[PDB]
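Colleague:
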Amino acid sequence: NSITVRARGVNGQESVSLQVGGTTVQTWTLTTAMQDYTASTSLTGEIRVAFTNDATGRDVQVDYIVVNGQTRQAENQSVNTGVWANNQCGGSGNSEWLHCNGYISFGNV
Ligand SMILES: OC[C@H]1O[C@@H](O[C@H]2[C@H](O)[C@@H](O)[C@H](O)O[C@@H]2CO)[C@H](O)[C@@H](O)[C@@H]1O
Ligand SMILES: [Ca+2]
Ligand SMILES: [Ca+2]
Numbered sequence: 550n551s552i553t554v555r556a557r558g559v560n561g562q563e564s565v566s567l568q569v570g571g572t573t574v575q576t577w578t579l580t581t582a583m584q585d586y587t588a589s590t591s592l593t594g595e596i597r598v599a600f601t602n603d604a605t606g607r608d609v610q611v612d613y614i615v616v617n618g619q620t621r622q623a624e625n626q627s628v629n630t631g632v633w634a635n636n637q638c639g640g641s642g643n644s645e646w647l648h649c650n651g652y653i654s655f656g657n658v
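Going by our numbering, the sequence shown runs without a break in its numbering and finishes at 658.
Shown next as structure tokens:
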């Protein structure tokens, strides 16, 4: 499988991990502009994009991923454990943003 993540940080120090079934497939440091990050995997389970180094000044915006050619918008995903919403991390779904450490789930490969 081929997976492309389109994402940015706000300050350029942010780290994200592409995970499949809980296995980290690849980690990247983001820049302050949307860019594409691509990895391959034989794994087939639940895809997550996780922000792992939250700190002052650091937040992640994930536009979408592409899975074997299918674009899956971050904001179309019901599960986002990092968005700051309703005064808490993970207070709602359907967001591009990871403010807190947490992940967006994009369903199975
Ligand atoms: O401190 C909890 C959490 O805050 C996040 O920023 C929030 C902020 O707390 C809130 O006052 C403001 O209006 O919303 C922002 C998010 O947009 C911060 O991004 C997290 O790193 C931090 O854990
Ligand atoms: Ca989007
Ligand atoms: Ca933050």
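Note that the Cβ used here is the ideal one computed from N, Cα and C, for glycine as well.
Within a Cβ cutoff of 6 angstroms, which residues of the same chain sit near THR587, ignoring the five residues on either side of it in sequence?
Modeller: As a working mapping, residue 587 is identified with position 38 in the sequence shown. So the list reads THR553, once near-sequence residues are dropped.
Colleague: At a cut-off of 6 angstroms, is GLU624 close to ligand 2 when judged by its beta-carbon and the heavy atoms of the ligand?
Modeller: Here residue 624 is taken as the residue at index 75 of the sequence shown, counted from 1. True, at least one ligand heavy atom lies under 6 angstroms from that Cβ.
Colleague: State buried or exposed for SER644, treating a residue as buried only when at least 16 other CB atoms are found within 10 Å of its CB.
Modeller: The residue given as residue 644 occupies position 95 in the sequence shown. Classification for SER644: buried.
Colleague: For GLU645, name the three-state secondary structure that DSSP assigns.
Modeller: Working through the sequence shown from its first residue, we reach residue 645 at position 96. Correct three-state label for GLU645: coil.
Colleague: How about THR573 and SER564: do their beta carbons lie closer than 7 angstroms?
Modeller: Counting from one through the sequence shown, the residue named residue 573 turns up at place 24. Counting from one through the sequence shown, the residue named residue 564 turns up at place 15. Their beta carbons are not under 7 angstroms apart, which means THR573 does not touch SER564 by this criterion.
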